[PDB]
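Undergrad: Pasting a structure below so you can have a look.
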Amino acid sequence: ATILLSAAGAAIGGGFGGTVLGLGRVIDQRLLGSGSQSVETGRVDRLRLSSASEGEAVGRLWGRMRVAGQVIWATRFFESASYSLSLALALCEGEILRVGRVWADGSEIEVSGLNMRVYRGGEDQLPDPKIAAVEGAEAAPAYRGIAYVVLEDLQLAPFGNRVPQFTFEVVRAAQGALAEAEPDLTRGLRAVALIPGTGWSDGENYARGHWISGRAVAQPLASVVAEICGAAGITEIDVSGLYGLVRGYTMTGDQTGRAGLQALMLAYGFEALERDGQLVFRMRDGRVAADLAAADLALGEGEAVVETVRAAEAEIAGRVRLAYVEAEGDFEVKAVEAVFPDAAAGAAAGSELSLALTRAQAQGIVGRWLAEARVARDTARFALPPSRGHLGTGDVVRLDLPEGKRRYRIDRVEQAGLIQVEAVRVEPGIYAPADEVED
Amino acid sequence: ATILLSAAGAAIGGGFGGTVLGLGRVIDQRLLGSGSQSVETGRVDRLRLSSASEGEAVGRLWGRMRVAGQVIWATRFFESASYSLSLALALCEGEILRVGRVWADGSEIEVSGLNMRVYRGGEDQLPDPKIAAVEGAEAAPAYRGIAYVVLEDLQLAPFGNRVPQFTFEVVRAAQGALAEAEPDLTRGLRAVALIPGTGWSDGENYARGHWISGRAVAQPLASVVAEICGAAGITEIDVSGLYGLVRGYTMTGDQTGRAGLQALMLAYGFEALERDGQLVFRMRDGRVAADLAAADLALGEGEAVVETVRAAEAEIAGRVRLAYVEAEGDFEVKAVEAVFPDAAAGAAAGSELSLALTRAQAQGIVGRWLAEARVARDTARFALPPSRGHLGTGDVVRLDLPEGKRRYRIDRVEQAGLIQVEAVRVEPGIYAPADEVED
Amino acid sequence: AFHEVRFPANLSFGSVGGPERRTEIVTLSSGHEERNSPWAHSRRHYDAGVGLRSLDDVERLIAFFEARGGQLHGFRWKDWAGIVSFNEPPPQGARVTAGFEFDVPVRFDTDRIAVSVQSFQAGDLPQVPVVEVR
Amino acid sequence: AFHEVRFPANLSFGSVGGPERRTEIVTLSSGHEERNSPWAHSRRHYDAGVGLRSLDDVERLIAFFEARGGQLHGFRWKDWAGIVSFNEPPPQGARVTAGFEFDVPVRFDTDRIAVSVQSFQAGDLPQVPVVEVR
Amino acid sequence: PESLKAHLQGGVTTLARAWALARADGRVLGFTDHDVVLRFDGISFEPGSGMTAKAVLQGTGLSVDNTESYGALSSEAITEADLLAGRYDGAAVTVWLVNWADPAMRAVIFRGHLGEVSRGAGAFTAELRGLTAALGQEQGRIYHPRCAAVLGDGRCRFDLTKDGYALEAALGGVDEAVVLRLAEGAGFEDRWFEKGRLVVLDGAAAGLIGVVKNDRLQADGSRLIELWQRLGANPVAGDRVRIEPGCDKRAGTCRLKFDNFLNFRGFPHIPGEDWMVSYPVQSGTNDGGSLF
Amino acid sequence: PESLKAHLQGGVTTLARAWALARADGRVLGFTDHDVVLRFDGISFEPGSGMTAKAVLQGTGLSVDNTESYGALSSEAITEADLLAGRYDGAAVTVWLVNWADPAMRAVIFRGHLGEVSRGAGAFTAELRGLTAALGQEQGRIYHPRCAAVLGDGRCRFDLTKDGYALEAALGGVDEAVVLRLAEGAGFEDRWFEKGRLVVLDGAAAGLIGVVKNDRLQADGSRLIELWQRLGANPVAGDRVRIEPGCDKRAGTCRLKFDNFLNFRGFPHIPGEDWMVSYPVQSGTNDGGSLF
Amino acid sequence: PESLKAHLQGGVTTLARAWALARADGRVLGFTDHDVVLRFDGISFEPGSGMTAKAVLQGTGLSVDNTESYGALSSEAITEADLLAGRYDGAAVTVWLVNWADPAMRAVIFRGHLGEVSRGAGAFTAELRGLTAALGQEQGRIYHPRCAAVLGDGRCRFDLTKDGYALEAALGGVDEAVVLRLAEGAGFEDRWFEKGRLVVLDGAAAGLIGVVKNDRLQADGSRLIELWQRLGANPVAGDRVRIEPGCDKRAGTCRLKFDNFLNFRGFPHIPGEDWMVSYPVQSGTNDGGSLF
Ligand code: SF4
Ligand code: SF4
Ligand code: SF4
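Respectively, the protein sequence lines represent chains D, D', A, B, C, C' and C''. A prime marks a further copy of an entry chain.
Positions 2 to 24, 38 to 95, 112 to 229, 745 to 984 (the authors' numbering) are the ones given, in order, by the first sequence.
Positions 2 to 24, 38 to 95, 112 to 229, 745 to 984 (the authors' numbering) are the ones given, in order, by the second sequence.
Positions 2 to 82, 157 to 209 (the authors' numbering) are the ones given, in order, by the third sequence.
Positions 2 to 82, 157 to 209 (the authors' numbering) are the ones given, in order, by the fourth sequence.
Whatever position you read off the fifth sequence (first residue = 1), add 3 for the authors' numbering.
Whatever position you read off the sixth sequence (first residue = 1), add 3 for the authors' numbering.
Whatever position you read off the seventh sequence (first residue = 1), add 3 for the authors' numbering.
Below, the structure written as structure tokens:
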């Protein structure tokens, strides 16, 4: 007997379920290009609160960034007669540097007032804190990986009498097998000293000064993306072409692995190329590798030497926005925007990045996207012969035409013995410092 | 070499990504019909709270409706010795009428107790409030578009000592180039007076009384939909066929433009027709323009003169629901439902409209949808010749048959020189007042 | 576009060709029809030319496709079938002639041609369709 | 729609054509099935006309397609096969004649025609399918 | 159709499609199916290009209409060096359905906005987005601590010619259309205009807008200026540009460089989340001040 | 299959498909592939219609099964003036797989619910939704301040015939099947039944339910009543309708017009969100009362 | 390509595809298009199987690459009794593009991971997931009150051979490859290993891992052990298994049975949601204690 209109049903499931197996987002997709599908990424956490449940995941972070933590092993309320507790707040995993500048619900509490005992969460397996001798040694938990902070005889008097939501500035050095080789500051320094001293003051040259207070924490972008693939298990990871400072990224547990990495591909713009099995992560530039003439393209599928698509004017992202974290002061969600002067009439396209970066840098990034997303309107769809197959999937083609000589970075190489390319328009001058003043 | 089963992959992306480029929802789709895809719309805000972050968008509203506002420029807590602040809460954009009936966290505070200075947010660029001479004149912000309300020497004593969430009744007149032409009450009145006076009392004839207290605020539906396309930039907008009162609609910033408008297409039901480049917004009626006989249809694609689809009984929306705002009393989220007497056994389909309307009107709307969604089960799919091409995309066809003579409003006209139509069944008696009693 | 020559003189019996129209049509399924014409003119659309002479004629014919041809040039075409009107109806033809005296400038409807050898000196090619681009 | 002329007199042996019925049909896979037609007439649908005369007849025939033709005009058609009824059943034909005496106004079912030259004076064209639009 | 129904109800009809697009520049272009050049307005529709007219769709919903409109590119036509450089972006069309026998028998099918143009293989294919393209986009301000408007905007009117602010000087040394030497660098501050409009009003790039960055004068008032993006048309080292001054969109740069601090349209103070959930501790500074 | 395996394991088999649908009205309809009229139950399956039987699908998941079941509409059959008016909506089917040589050798493939029927070109195509159609729908009450039940419901039993409440009178003046004159208007209040069941039990619309609105008597007890929707079958100005009274589903209209205020099944007071986050101020009214 | 461009820029080229997959076991397999067995490394590529090489795709995005790689299964080859039992799961490939005239002229197209293998009709079809398969997965710990690590893990090192913990004994009585009799049951506690690794290192299932359950000794140290799942290859009642002990992943079972309570990597106390929103009532127990 014949078939019904579940011919449309078998066309979907699993007719299209096989695809995504083997495979605000308003601005996330244009920056990756045709590329691949941009996974939902980094709904930035504002009002960081600590939930004491059993279903919250272990967070991870790299550098100076506040994290909420959560309660593990709180004793009963103790009335001195006007209360007292013994908390232990677990921040993040891995060996960390020390936790300073604790502030609870509200503005600020002085850490000298507290009796906190910070712990690195060392794989060395730090023993029991002995404040858990309330429980006793025989049931004292001895957390190996996670970096918990206990609190001792905490007076609940100044903040009500309820438990306040504590939030902790944490400094975590990037770890992993690629990180222990090639040591950056956080252990590479091996004794700096030279404290300038010589005592409201002269901090106008701090952004250009030789001294390294504050910014010694920030990990290079090379090892943090190496930490992601290390935790995911890819040790074949190649990352020598990366040049960036992280300064406090933070993704939670069960953040897909790649969706934590994909926020970095919007900020620093790097390729995630994978020429060979190395998965080369190179920083994206305009350095042209191909120099094709128009005479040197192959015969494509659609029988056009170069199909050139220019995207709609009604969707060009006239103004772009961020949701970065303040990273110098009290870590709070902020926003800058870049507005193109001719067409400001609409198309607001913003996204949220959960990392922490300064004020002139955020206006630099959004100034870079608004230029790039209007440059990346043009896409090219051509086929080039396997006579020059050394055009890796992330290279950029000069592509001489009779009218233009416009560069093109390429995506979605599908070859089978005929390299067919979905390029995208990329200029070299996009990837520069914006050189803006600071706050 | 051959191709893989990414033939299913290239069938999706961007094989189907080109479509939505050039293009509770349970009841939203049936009311627009085959029509077009109903965008997610109006998750109604209950517990209106004010967040003092930097990532919340500028709200917009039209008429008497409470809005949360947010904090901009709060001074430090001042202890008289038992606290004091200097807030400024920014409500919405555009020139507004005055803000009355402020109520904070909780029930109600008397505005005579406050020292608030309301501001219209005039494009005339209102100067500094001089309460920001705390900051000084040289850094005093002088907000042009947004309508902020400062608060002066606010005692935080009655509501705890924390800052309470303030919520403000705001009256905003519909603006835009189509609104300044054809003035309605809010400036059209040009002096009414005639205060009845002649002093629990006789308000049983207020809904039928000649006096205009309260309902003088409510803007006509013609200019509010003109304000949307004006802010979106369509000045070619045609709206003379609209007849409705808005009474306090509210969409936030980044509400897509159209998704704010699409809530009105569910309430007042209007076409958004676009015969010509005017984009005619006409109110939907049953006024028949076509009078086709069965002999006068063209030869379609499927080689059937009229394909008639009747939708499933298991999905007819047996009971429909709303989430309107109270609009007379303390503005709170409410709900009414209309239940069809024969089939009440299931299919609850509700949606949420963020506008404000009275009690007999809400039961009128849900009484209209439950009738319409069961009428709009029948859809017709026929083709009519270009000999009568003056059937615009939103007209309604009599469509004489041998058995029935059932009307059909049309959608999805695709012509290319053969006008092929996906109609939908529409009766005239649906669009009437329900004539119900009030609360 | 050229004004170069008519053609080689030889044309075999069977050189077919007649005017075209788009005239898209709806065929109203329950009665008569209604149909539109956007042309006001007609592409003459000559087909099925055949060169048949010695091989001395072939090398001036294969490069007829090549030299002044390429793809995109005129080579005014001779019809064996300044404004000409047709008065045999009470309607009118009134169809213009950009070239003089039935010369109908065309172009070949081929990506390639195919000349055959039939004997020591026989040169044949089966078809060269044209459409008379303006 | 015109009333211009019948046609050139010549029609070759093989000028085929017979009534065409919508006959919308369901074809139940069980067995017997029902059907109905919305015409109450029948498009006569004549095909395969051939003009064969001298080349003097051709130029009044190629512009027959063009001048009063275009695509969308009548040119009443002569059948070699005011209301005519058919009484050989106890049912009836009762089919109308808008034109007089079997003249059946039509239109050609072609975007183009294709006239051939078969000898110094021979003019041929293989087919001109019509459908007698009302 | 508008009173051509007498023409149209007859089966004998002759309506040939035709349309005009108005570019962002003042010139229009003409296109028709009729195969003979015709005009009714002063547009002179040419059948040399354009015009396949494939299947205009409609919808009562806010979703746009569409027509891919296959055609040809040529020297008289769009020519694609014009198209690639940045023109035809917000090009407005009207499609018409004229009678070629009498062009006073016509109507508009839709007035479009021509969103996506895909050119290739010596031809172009241009999706005609419908009247409702602007709906479906996000418009709003997000209370961010910068400004929000451009210089010419109504929310911050400036009178951008009011003094020696604009740099009107003609161009030399165009190099790779990002670097621009500019013979008359001298006349202004170093790094005066960092976010400005490089409107170029002569030559190849006629009326084309780019954005400046790196306003640096190296020697004797050279004023080497970069841009974010290519202009897309090469200036010929003789063109005239004018550059409006640069706004950092910040309160300090607003009031110092420009006088217009009144028309700010920005949100400088905007306390923060941690202020909001804070309860007032009775320690340290609790007197009225800036909170900055 | 149920013990026809002895028939079925042989390659020589003869199982001809056949099914019966029971309409919402008491009559059933018969359909078979066998090409000869056969019956096993009192259904008399007719091969004159129905029966293409295309590809019943299955699933352990809650998703329904489906069968499009192409067929024919005729005067003996569905006839489509029956179908369009509102019948065959919740029509229940059983598909069978009978042996035509012996109809006692049969089973049920599924028992369906016939959701979507698409008729066209002189035929009908009717998607047979599976047994699990009711799952996948939202059922609930939302604490709204009206009532929630219909009059006949178990949550509000009424005894709807208990007095002169129902209007049993025969119909005249049907007009456009929305307006109904009704000769015997007199006997009740003006605007008595505003949300009632217009069950019409005779003639063309036999047992068809509409909902009333605008119960107005103009002169001498005319009682002109509108409806929300068309009945879909024209009443013939002689039919008998009965109209149950109208419930506004409100506490005031409940207890006044009807006695049954006990069986309310509604939520009248329901304080509100602003009450919930309110802290008690010690000013004004703070004594026990209605809060209304 | 790596310095075969001199070979490749000529139109006369001869690059024949070829690839090697390394299974989870130490053996590799060879595959080539060249139709003659060739090798460059010690792999001995065989053209007897594999190798249709359909359309490797790429992407700058984190999404994997793919190649379906149609081929043949045979006794020398994969043979599909190997594949079905649980091998070739995380099989790592490298595809090469060798010159068959000179195999020193080669490169790697990608190094894959061979995710989905669909075998059927006497052939196999194996989707080659790209290098980035591991990205796109969720990895994390959720503060649950058990442990979180396996026995061999770095977060809980154990020295799993340190005493008589492992049961090294050779197998008898395999039955349906879930029940295992085991001749040498005696030597351990009853129900000693309940979540352990049944690594079988001889015979048919060579190096195949299952998980134990129901460690019960019925008579004279029989130790009948179930498994969760089939091994997929039948052990032959003579194989040698070793079973590591079972960890309940709980603090009581941690410290009692095992000494390693220090390396816990778990979260035993974890107070709860109701503790968090609780305000301290000044009644009953409010002295410092376990809260357990
Ligand atoms: S700084 Fe002044 S002129 Fe410049 S954008 Fe801001 S408000 Fe407008
Ligand atoms: S008013 Fe009474 S009878 Fe009517 S629906 Fe409500 S509870 Fe039932
Ligand atoms: S009980 Fe001990 S050995 Fe076992 S998994 Fe837990 S920590 Fe590791």
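We treat Cβ as the ideally placed atom computed from N, Cα and C, and that holds for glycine.
Nearest to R128(D) by CA position, among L215(D), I161(D), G151(D), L5(D), is which residue?
TA: Locating residue 128(D) in the first sequence gives position 98, where the first residue counts as 1. Nearest of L215(D), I161(D), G151(D), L5(D) to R128(D), Cα basis: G151(D).
Undergrad: Roughly how many whole angstroms lie between the Cα atoms of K165(C') and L46(D')?
TA: Residue 165(C') sits at position 162 when you count from the first residue of the sixth sequence. Residue 46(D') sits at position 32 when you count from the first residue of the second sequence. Near 43 Å, if we compare the C-alpha coordinates of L46(D') and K165(C').
Undergrad: Should the stretch 812-826 of chain D be called in touch with the stretch 107-118 of chain C'', which here means at least 3 C-beta pairs below 8 Å?
TA: yes
Undergrad: May I ask you to list, following chain order, the residues of the stretch 102-134 of chain C' that have a beta carbon less than 8 Å from some beta carbon of chain B?
TA: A124, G125, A126
Undergrad: What does DSSP give as the partner residues of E179(C') in its beta bridges?
TA: Residue mapping note: residue 179(C') aligns to position 176 of the sixth sequence, counting from 1. The partner list for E179(C') (beta bridge, DSSP) is empty, contrary to what the question assumes.
Undergrad: Check whether the stretch 209-223 of chain D and the stretch 137-157 of chain D are in contact - that is, three or more C-beta pairs closer than 8 Å.
TA: no
Undergrad: Could you list the residues in the stretch 863-879 of chain D with a C-beta less than 8 Å from some C-beta on chain D', going in chain order?
TA: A868, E877, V878, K879
Undergrad: Excluding the 5 residues flanking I964(D') on each side, which residues of the same chain have their C-beta closer than 8 Å to its C-beta?
TA: Numbered from its first residue, the second sequence carries residue 964(D') at position 419. Excluding residues within five positions, the ones whose Cβ falls inside 8 Å are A843, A928, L929, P930, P931, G934, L936, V958.
Undergrad: Compare the Cα-Cα distances from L219(D') to each of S758(D'), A752(D'), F198(D'), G748(D') and report the closest residue.
TA: For this step, residue 219(D') is matched to residue 189 along the second sequence. Selected option, being the one with the closest Cα: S758(D').
Undergrad: Taking the continuous beta strand (DSSP E) assigned at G895(D), which residues delimit it?
TA: To locate residue 895(D), count along the first sequence from 1; it is residue 350. 893-895 is the span of the beta strand (DSSP E), which, as asked, contains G895(D).
Undergrad: Could you tell me which of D156(C), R160(C), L41(C), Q61(C) sits nearest to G23(D'), measuring between CA atoms?
TA: Here residue 23(D') refers to the residue found at position 22 when the second sequence is read from its first residue. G23(D') has its Cα closest to that of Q61(C), out of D156(C), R160(C), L41(C), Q61(C).
Undergrad: Three-state secondary structure (DSSP) at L7(C'')?
TA: Within the seventh sequence, the letter at position 4 stands for residue 7(C''). Residue state, collapsed to three classes: coil.
Undergrad: Is there a C-beta anywhere in chain D' that falls below 9 Å from the one on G93(C')?
TA: Reading the sixth sequence from its first residue, position 90 is the one you call residue 93(C'). Yes, because at least one Cβ of chain D' sits closer than 9 Å to the Cβ of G93(C').
Undergrad: Could you name the residues of the same chain whose beta carbon sits closer than 8 Å to that of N69(C), not counting the 5 residues immediately before and after it, in chain order?
TA: Within the fifth sequence, numbered from 1, the residue matching residue 69(C) stands at position 66. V59, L60, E130, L131, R132, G133, listed in sequence order.
Undergrad: Would you say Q232(C) and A776(D') are within 9 Å of each other, going by their C-beta atoms?
TA: Reading the fifth sequence from its first residue, position 229 is the one you call residue 232(C). Reading the second sequence from its first residue, position 231 is the one you call residue 776(D'). Contact: no.
Undergrad: How about residue 129(B): is its C-beta nearer than 9 Å to some C-beta of chain C'?
TA: Missing from the coordinates: residue 129(B), inside the break in chain B from 82 to 157.
Undergrad: My assumption, with CB atoms under 8 Å, is that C159(C'') sits in contact with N266(C''). Please give the rounded CB distance.
TA: If you number the seventh sequence from 1, residue 159(C'') lands on position 156. If you number the seventh sequence from 1, residue 266(C'') lands on position 263. Rounded, the Cβ-Cβ distance is 4 Å, consistent with contact.
Undergrad: What is the rounded straight-line gap between the Cα of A208(C'') and the Cα of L24(C'')?
TA: Position 205 of the seventh sequence, counted from the first residue, corresponds to residue 208(C''). Position 21 of the seventh sequence, counted from the first residue, corresponds to residue 24(C''). Those two C-alpha atoms are separated by around 20 Å.
Undergrad: In whole angstroms, what is the alpha-carbon distance linking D158(D) and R57(D')?
TA: Looking up residue 158(D) in the first sequence gives position 128. Looking up residue 57(D') in the second sequence gives position 43. Distance between the alpha carbons of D158(D) and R57(D'): 49 Å.
Undergrad: How would you call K950(D'), buried or exposed, if buried means at least 16 neighbouring beta carbons within 10 angstroms?
TA: On the second sequence, residue 950(D') is found 405 positions in, with the first residue counted as 1. Flag for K950(D') reads exposed.
Undergrad: By how many angstroms is the C-alpha of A167(D') removed from the C-alpha of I86(D')?
TA: Position 72 of the second sequence holds residue 86(D'). Position 137 of the second sequence holds residue 167(D'). Whole-angstrom Cα-Cα distance: 17 Å.
Undergrad: Would you mind reading off the limits of the alpha helix (DSSP H) that contains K260(C)?
TA: Here residue 260(C) is taken as the residue at index 257 of the fifth sequence, counted from 1. Here the alpha helix (DSSP H) through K260(C) covers 254-260.
Undergrad: Taking all protein chains shown into account, decide if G269(C') is buried (16 or more other Cβ within 10 angstroms of its Cβ) or exposed.
TA: Position 266 of the sixth sequence holds residue 269(C'). So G269(C') ends up on the buried side.
Undergrad: Going by Cα to Cα distance, which pick from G125(C''), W195(C''), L163(C''), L211(C'') is closest to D92(C'')?
TA: Looking up residue 92(C'') in the seventh sequence gives position 89. In terms of Cα proximity to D92(C''), the closest of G125(C''), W195(C''), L163(C''), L211(C'') is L211(C'').
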